[PDB]
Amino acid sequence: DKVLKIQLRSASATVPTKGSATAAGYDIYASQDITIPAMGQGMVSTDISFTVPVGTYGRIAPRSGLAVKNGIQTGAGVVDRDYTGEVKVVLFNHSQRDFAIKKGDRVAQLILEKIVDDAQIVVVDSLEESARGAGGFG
């Protein structure tokens, strides 16, 4: 499907918004003030729950300006389709300054990543030979 169902748990929540015509993601808004400490982390409230479309999960991904200006990086970020709790935004602050967040600030984005969510695990003896082979971390 294409339907993203959103539950607003309080008057402090904001419906996520699409910031441009073919934006990858939807802006997620803080529903409560919080400070993320320098070289530290915290969890931003949203007061929202959602059910992403079948064939996706909801990825909480960085708002680009916050990364550059404030050293902010999203942590965790995988929202499962069966999750009905409040979605929380985990933020790492890699800068030397505490970062102030106010209720209604855009703190991250939600991307409806398409995935294979019905895969069959098959245990095998070996994998198909490739030119890459075992080469990694080059």
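For every residue, the number given is its place in the sequence shown, counted from 1.
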ask   = Should residue 18 be placed in the lowest, middle or highest third of its chain by the C-alpha B factor in the entry?
value = highest
task = Could you say whether, by C-alpha temperature factor, residue 75 belongs to the lowest, middle or highest third of its chain?
result = middle
ask   = Should residue 93 be placed in the lowest, middle or highest third of its chain by the C-alpha B factor in the entry?
value = lowest
task = Comparing against every modelled residue in the chain, figure out the third that the C-alpha B-factor of residue 11 lands in (lowest, middle or highest).
result = middle
query = In terms of the CA temperature factor given in the entry, to which third of its chain does residue 39 belong: lowest, middle or highest?
reply = highest
